[PDB]
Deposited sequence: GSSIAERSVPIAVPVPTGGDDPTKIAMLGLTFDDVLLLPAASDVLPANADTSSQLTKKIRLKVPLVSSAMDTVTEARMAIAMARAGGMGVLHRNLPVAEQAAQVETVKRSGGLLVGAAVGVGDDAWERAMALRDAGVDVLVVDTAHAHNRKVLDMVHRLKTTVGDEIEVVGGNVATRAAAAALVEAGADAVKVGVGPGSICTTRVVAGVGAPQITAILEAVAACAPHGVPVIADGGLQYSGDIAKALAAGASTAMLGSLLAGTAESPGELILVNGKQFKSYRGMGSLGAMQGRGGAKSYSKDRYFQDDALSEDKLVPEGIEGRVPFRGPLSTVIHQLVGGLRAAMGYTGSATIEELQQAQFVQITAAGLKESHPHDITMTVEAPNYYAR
């Protein structure tokens, strides 16, 4: 084996991230303005815009979930707060009309009670929200939710970064599989634990397990540019979950911060010391202030529309069949 040892499987794959690839232009009769950006969030729920906001306490509370739903996407309410409060945020979103909303739950002691309170509040999507879904506790939670409230509520499981892990969630009954172990902008898992999976390869592998069962993949983490949304969907994801790209917006939690004449907002990992309050796997940082969500989403969707025009993709299902070119460091 060229890289050492005698086991060809020790280094299992070459992992590509978004920056490693570009979408190739293809024959197109699709104008960007006329592309259909709708896509499956879950087996039953289709969004007008294939974007959901991260379940983080510096990204999604009720204000963000309302704005996301109104822009045609969805918010996933974070779970770093009392059950009663999270449930009350779900109610607040429902007070603002017939708006879709999701909410995160863990697999800890209080997770089941949280899930039931969220169901009672009228939540549409429960997101079983872990760093590692390839685990019997997580698979059991997904399965139990699906068997208990699955007729009325769609159940997302995550996160995973391999084909086997995605397959396990599918078998447990997940209505969507969320992909991303280690790629987040505020993530330090790669350096703390040495664990991760570059996101284009992780998506390609998860989709290989999920698409044949009609289960949509949510690409979660590592998206830095609107072009990354198109790349993630072309790799086969059906939606993208965004943290950093939405944390700078007016609708995200937190105050404006002024440093050296420029405006920022705080953005922190849910595994940072601050969020957990220990061996943290995220940092506390800041992102540039970006203005209203509606405006940010317009630009992100605009980039996606451009990609759909270049690739001749009339729908997201067509974009999922687009081809890449791999690029070098020089590119």
Can you list the gaps, in order, where the deposited sequence has no modelled residues? 1-14, 292-314, 369-389
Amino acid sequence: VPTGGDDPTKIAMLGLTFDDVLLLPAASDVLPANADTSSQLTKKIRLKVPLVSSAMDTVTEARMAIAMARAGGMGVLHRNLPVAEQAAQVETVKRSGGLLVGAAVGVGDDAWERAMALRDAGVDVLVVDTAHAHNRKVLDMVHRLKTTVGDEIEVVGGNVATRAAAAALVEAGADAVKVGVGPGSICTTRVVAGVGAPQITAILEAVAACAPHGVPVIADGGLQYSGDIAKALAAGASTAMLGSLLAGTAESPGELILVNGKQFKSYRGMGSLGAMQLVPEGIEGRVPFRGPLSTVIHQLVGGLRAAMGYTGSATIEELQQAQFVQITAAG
From here on, numbers count along this sequence of modelled residues.
Is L278 one of the residues left unmodelled in a third or more of the other entries compared? yes
Comparing 254-262 with 174-182, which stretch shows the greater average C-alpha B-factor in the deposited entry? 254-262
Would 84-92 or 71-79 have the larger average of its C-alpha temperature factors, as given in the entry? 84-92
Max C-alpha B-factor within the set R144, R190, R163, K231 falls on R144
Whose CA atom has the top B-factor in the entry, of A211, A219, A111, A197? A111
What third of its chain's C-alpha B-factors does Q326 belong to: lowest, middle or highest? lowest
Ranking every modelled residue in this chain by its Cα temperature factor as given in the entry, which third contains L16? lowest
Temperature factor at the Cα of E154, chain-ranked in thirds, falls in the middle
C-alpha B factor of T130, ranked within the chain: lowest, middle or highest third? middle
In terms of its chain's C-alpha B-factors, the third that includes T148 is the highest
